[PDB]
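Asks: Here the sequence shown stands for residues 1 to 77, 86 to 282, 288 to 372, 378 to 503, 507 to 875, 878 to 990, 1012 to 1031, where the numbers follow the deposited numbering.
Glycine included, every Cβ here is placed at the ideal spot set by N, Cα and C.
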Amino acid sequence: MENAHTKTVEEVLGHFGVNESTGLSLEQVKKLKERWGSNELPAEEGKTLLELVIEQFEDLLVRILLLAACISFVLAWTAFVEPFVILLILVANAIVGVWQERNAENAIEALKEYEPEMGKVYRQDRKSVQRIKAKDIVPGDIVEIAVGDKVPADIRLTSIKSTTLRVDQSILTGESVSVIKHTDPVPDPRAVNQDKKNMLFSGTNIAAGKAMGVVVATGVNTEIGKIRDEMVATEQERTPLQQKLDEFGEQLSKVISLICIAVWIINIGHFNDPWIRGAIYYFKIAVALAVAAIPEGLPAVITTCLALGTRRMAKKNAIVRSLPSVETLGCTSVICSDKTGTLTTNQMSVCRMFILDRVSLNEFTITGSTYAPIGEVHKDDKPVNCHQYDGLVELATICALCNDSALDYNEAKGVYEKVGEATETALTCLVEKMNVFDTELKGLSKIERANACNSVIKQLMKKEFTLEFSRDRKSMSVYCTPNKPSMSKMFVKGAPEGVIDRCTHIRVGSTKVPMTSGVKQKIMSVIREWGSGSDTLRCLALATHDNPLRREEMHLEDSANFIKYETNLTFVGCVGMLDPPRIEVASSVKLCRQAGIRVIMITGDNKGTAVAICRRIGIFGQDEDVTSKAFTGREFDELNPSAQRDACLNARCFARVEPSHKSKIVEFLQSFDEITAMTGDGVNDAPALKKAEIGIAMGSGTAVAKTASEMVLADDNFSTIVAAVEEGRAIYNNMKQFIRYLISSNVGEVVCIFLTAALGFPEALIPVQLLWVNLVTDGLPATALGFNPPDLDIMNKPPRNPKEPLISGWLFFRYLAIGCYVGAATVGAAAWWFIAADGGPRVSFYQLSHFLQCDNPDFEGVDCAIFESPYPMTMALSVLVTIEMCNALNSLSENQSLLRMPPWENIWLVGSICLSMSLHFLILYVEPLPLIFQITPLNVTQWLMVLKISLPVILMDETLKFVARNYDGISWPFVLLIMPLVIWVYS
Ligand code: BEF
Ligand SMILES: [Mg+2]
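1) Give the residues whose C-beta lies closer than 6 Å to at least one heavy atom of ligand 2, in chain order.
2) At the level of alpha carbons, what is the spacing between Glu486 and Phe455?
3) When you compare the region 729-739 with the region 382-389, are there three or more beta-carbon pairs, one atom per stretch, that lie closer than 8 Å?
4) Span of the alpha helix (DSSP H) holding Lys7?
5) Output the residue ranges of the beta strand (DSSP E) runs that lie fully inside the region 518-547 and measure 3 residues or longer, sorted by chain position.
6) DSSP puts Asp370 in a beta bridge; with which residues?
7) What's the C-alpha gap between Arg528 and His405?
8) In the DSSP assignment, find the unbroken alpha helix (DSSP H) run with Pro811 in it and report its ends.
9) Going by Cα to Cα distance, which pick from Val864, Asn111, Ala102 and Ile145 is closest to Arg324?
10) Is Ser493 helix, strand or coil when you go by DSSP?
11) Alpha carbon to alpha carbon, how far is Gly227 from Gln244? Give it in angstroms, no decimals.
12) Is it true that the CB of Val678 sits closer than 8 Å to the CB of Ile638?
13) Please give the ranges of any beta strand (DSSP E) in the region 718-770, keeping only runs that are unbroken, at least 3 residues long and fully inside the region.
14) Please state whether DSSP places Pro975 in a helix, a strand or coil.
15) With distances taken Cα to Cα, identify the nearest neighbour of residue 1105 among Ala751, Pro1017, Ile715 and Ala161.
16) In terms of alpha-carbon separation, which member of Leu208, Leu837, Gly722 and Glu695 lies closest to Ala707?
17) Can you tell me whether DSSP reads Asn380 as helix, strand or coil?
18) Does the distance from the C-beta atom of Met732 to that of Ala331 stay below 8 Å?
19) In the region 8-64, which residue ranges form an unbroken alpha helix (DSSP H) of at least 4 residues, counting only runs that do not cross its ends?
20) Just curious, the beta strand (DSSP E) that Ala851 is in, first and last residue?
21) Distance check for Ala440 and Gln360, CA to CA, integer angstroms please.
22) Can you tell me where the beta strand (DSSP E) with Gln790 in it begins and where it stops?
23) Just to confirm my understanding: we take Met126, look at its own chain, exclude 5 residues before and 5 after, and list those with CB closer than 6 Å. What are they?
24) In three-state terms, what does DSSP make of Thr247?
25) Counting along the chain, where does the alpha helix (DSSP H) carrying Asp658 start and finish?
26) Below 7 Å, is the gap between the Cβ of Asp737 and the nearest heavy atom of ligand 1?
27) Straight-line CA distance for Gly23 to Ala4?
28) Measuring only from the beta carbon, is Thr624 closer than 7 Å to any heavy atom that is part of ligand 1?
29) Should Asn114 be listed as close to ligand 1, given that the test is whether its C-beta is under 7 Å from any heavy atom?
30) Answer yes or no: the CB of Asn705 versus the heavy atoms of ligand 1, is any distance below 7 Å?
31) Rounding to the nearest angstrom, what Cα-Cα distance links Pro517 and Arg559 in this structure?
32) Would you identify the three-state DSSP class for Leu165, choosing helix, strand or coil?
33) Are three or more beta carbon pairs between the region 292-305 and the region 778-792 nearer than 8 Å?
34) With DSSP collapsed to three states, give me the class of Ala676.
35) On the DSSP letters alone, give me the boundaries of the alpha helix (DSSP H) that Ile97 sits inside.
36) Which term fits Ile145, buried or exposed, when burial requires 16 or more other beta carbons within 10 angstroms of its beta carbon?
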């Protein structure tokens, strides 16, 4: 059974062999369940923990360091510690990542429903209806639907028991109003879900109807199943941050290979016949170079900064489901959106209402955009005590009495939920907000305040019967008699032009006057203005009967009597309600436009309500033309390629689109080379939440949209998006700062190794020393720089370029030059202990390179064994550590030097610098640690010489910042504080 909206009832009955009155036998349901399967969707289709580490260990630099470590194991035939420690980091920066991907999930199913929906099915085993599970339903079952029931599977309606059927498909098609159904089939075979007015869909609940139908699809063949299939079929690429990091790692591998082949070419010119006894030094220098040219602490500090960003975002009720998705909202330029459920509260609510005061209209405006009865009334200002207006009392009566829906507090959710029609619920919450009898709303509880006003207004009035909302009359009536008394009233609510034409009287307060044409044209004009301009509403005319016909002759069997008896009515007023946008979007869209981020609203509703809400929230103006900024599904499908391109580049409101259409729009926007960020809550945004870069979902949305997303706004707030944009921008700035710092340090170490290897000097930096430096002494300052203060106007400039590099061009020179100097300094330190060491062997300047052979004494230099003393290695390590402390101290801002920003402005940076220095002193004076590698505590004059060698790096980088920025001052505290520190070392 492909589709049943084209075939009649008898057709599908013969196709399924099921009779409506009897039901299905046990053999039939058993065979259907074995052929089609259970009515349930799979669970998250995911992978366990045993494969995430293999997925995360596929990068390039990780393989380079693995090759270096395996070469180290080979040459390490006396316990070796160099290749082991780094492995621990490979477990520290990975598991934590996994710890995120699980934890976020633990924060999603916490706000999910726990009730398994049931279903009323007629089967041949029993005579009455059977309440069974939602999974054992098979195509062919006679399912009965009532008010408030959630449809369990795709159903083709067969018999509408009630006079009408209202279905709320806002979950699937985004329609804000309850759709009316009809048993008649639609001949359109390829009709959209908004055209099949004889079918039902899973998840969509019945608003105010009741009927019986046959099942057509189930499980995966249903609409939600097809959506989940299209969602899981779509692919999700990597975030731009990870792409930049991968490009940078590729460049790093390239430069490592280049410097390694350079060292190889330089070294092969001396040694011949690759001897294998001396080739161990070549492999040692190669692994030392390969580990010095790898920022082992960079992935750890990046994961730390991303985890801190996620911890900061989770305070805004935004569960982020991955680490690198915090920066994805930093470079985003477009933010797609959904009208129903995301921008609008999806809860119909009244905004204004007018009565007539012709001895002139009195128009009040109601505040509130949800189902919570905590709103207020406003005429112009000064919230009016509504007990004075007798006409408003009559309006409250005529509206609250003619109702069938209600509100109730759900303690499991914590929000007033509707039961029944949405529009009648908006009207009853109007009643609850506007109390004409001045009842108390402070001491009573919430579950009772949900209907206190309506129960009070229903005490003195006993509803006799109800004339249901018909099609041609398009107005519903209620006959009621006032309790504790000629005394009888018949209330009517309906379409404006469908009631005024039958309204032959006018109720000015408590005075009933005949009908005049002037006030009729006036109210008709004001109603046509209320629901056709930039503030289109849903108007409801209200009229009561002065002399209702008696009940003994009132016949409720014929359809024509519903209109014949509804004559000689008097107008009481009108009500205007709509699907209101959230109170935190009108300003957030402006704050997001200031940041140069365009906001598009893609939805499946009609273009009228879409453009109305789009004007109301602030994307358009009350008079702005929308001829080229408001497209329909058919309109977008009937455009040439260039037309579609300029549309998706200029349009800002798409209405009447399918989920596949949303995916098409998102992939067009991404084809325009710009990061997108789609939000949504329904089972229609899921195919387009995965296609987007950072798919955002709402906390009150559906499970499919929350599982096809990378963020879940639990509080449904929309300013959380701009907060996350700001946080992502700050995170990226800090990240590109500390990555450049780490790379400068690494290039310094690498040029030190290259110089000490090409010149011929003995080893000055062994790998394990580089491991410890790059891990601790480089991660503490990097983690400190990850807390840089945000820019004063970070949210006032257009989004970042998608192709900008982490290592700028000219800047790549800067952090190279200083870096090179670092290397030299380190080498110098070693050379110092071989030249001007007062307690060291002053080896000849031309015989220091020839150290591998010096063993017999052939010259004045003797003791050819001190060349492995811990003192030169300690000099090099100490000067490198202090030069990196100075580099991290001055790398606090991008362009402005220290003479325009003090280093103690970022207290975390100076704190981490002091901690790293005290830890470097802690590794000298302690007993067992200086025994792992080859170091030794230094003298006072040696430390002073190291400081004298390493301090000019700050002067070099200051003057380089100056010459890069140039093409009064705050130096007084600088020349007050740092002057003794510099004048004390040169005396
Ligand atoms: F929920 Be949206 F209107 F597609
Ligand atoms: Mg929605």
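Replies: In brief:
1) That query returns the following residues: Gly182, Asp351, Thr353, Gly354, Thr355, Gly701, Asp702 and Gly703.
2) 28 Å
3) no
4) First-last for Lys7: undefined, no H or E at that position.
5) Runs of the beta strand (DSSP E) inside the region 518-547: 524-529 and 532-535.
6) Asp370 pairs with nothing; no bridge assigned.
7) Computed Cα separation, rounded: 17 Å.
8) Here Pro811 belongs to no alpha helix (DSSP H), and DSSP marks it neither H nor E.
9) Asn111
10) Here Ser493 sits in strand by DSSP.
11) 25 Å
12) no
13) 732-734
14) helix
15) Since the first and last residues shown for the chain are 1 and 1031, residue 1105 lies out of range.
16) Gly722
17) strand
18) Between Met732 and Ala331, the gap from beta carbon to beta carbon is short of 8 Å.
19) 9-16, 26-36 and 52-56
20) Counting along the chain, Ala851 falls outside any beta strand (DSSP E), though it belongs to the alpha helix (DSSP H) covering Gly830 to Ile856.
21) Those two C-alpha atoms are separated by around 7 Å.
22) No beta strand (DSSP E) contains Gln790, which is instead part of the alpha helix (DSSP H) from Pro788 to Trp793.
23) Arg139
24) coil
25) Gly654 to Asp658
26) no
27) 19 Å
28) yes
29) no
30) yes
31) 10 Å
32) Strand.
33) yes
34) strand
35) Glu90 to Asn114
36) By the Cβ-count criterion, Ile145 is buried, with 16 or more other Cβ atoms from all chains shown falling within 10 Å of its own Cβ.
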